[PDB]
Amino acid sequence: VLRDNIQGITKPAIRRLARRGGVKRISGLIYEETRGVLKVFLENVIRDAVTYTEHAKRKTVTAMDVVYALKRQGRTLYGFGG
């Protein structure tokens, strides 16, 4: 049952997130759109994290690699160090 990983982010999971955000009714096209948006988000953050990893001459992305990437992307996260 060959399938892209992006599709692992399923309708019901996206629906749950919408719900937490106070969304009552959802157009069918939202699911593909959201996947698109999430992919760009992860790309931007991951790119920056990995860049930290490579710099530290490591092969493991550390939570601190992510935390720092989030900080410079203007999305400071609390609870994973730093």
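Numbers for residues come from their place in the sequence shown, where the first is 1. In this text, rigid core is short for the largest set of C-alphas that superpose within 1.5 Å between two forms.
J.: Would you mind working out which of 5 to 13 and 62 to 70 sits farther from this form in 4 other deposited structures of this protein by RMS C-alpha distance, with the rigid core as the fit?
T.: With the rigid core superposed, the C-alphas that lie farther in 4 other deposited structures of this protein are those of 5 to 13.
J.: So 37 to 45 or 52 to 60, which one's hotter by mean CA B-factor in the entry?
T.: Looking at the recorded C-alpha B-factors, 52 to 60 comes out higher on average.
J.: Ranking the modelled residues of this chain by C-alpha B-factor as given in the entry, is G74 in the lowest, middle or highest third?
T.: It falls in the bottom third of the chain.
J.: Ranked by Cα temperature factor within the chain, is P12 in the lowest third, the middle third or the highest third?
T.: Top third by C-alpha B-factor.
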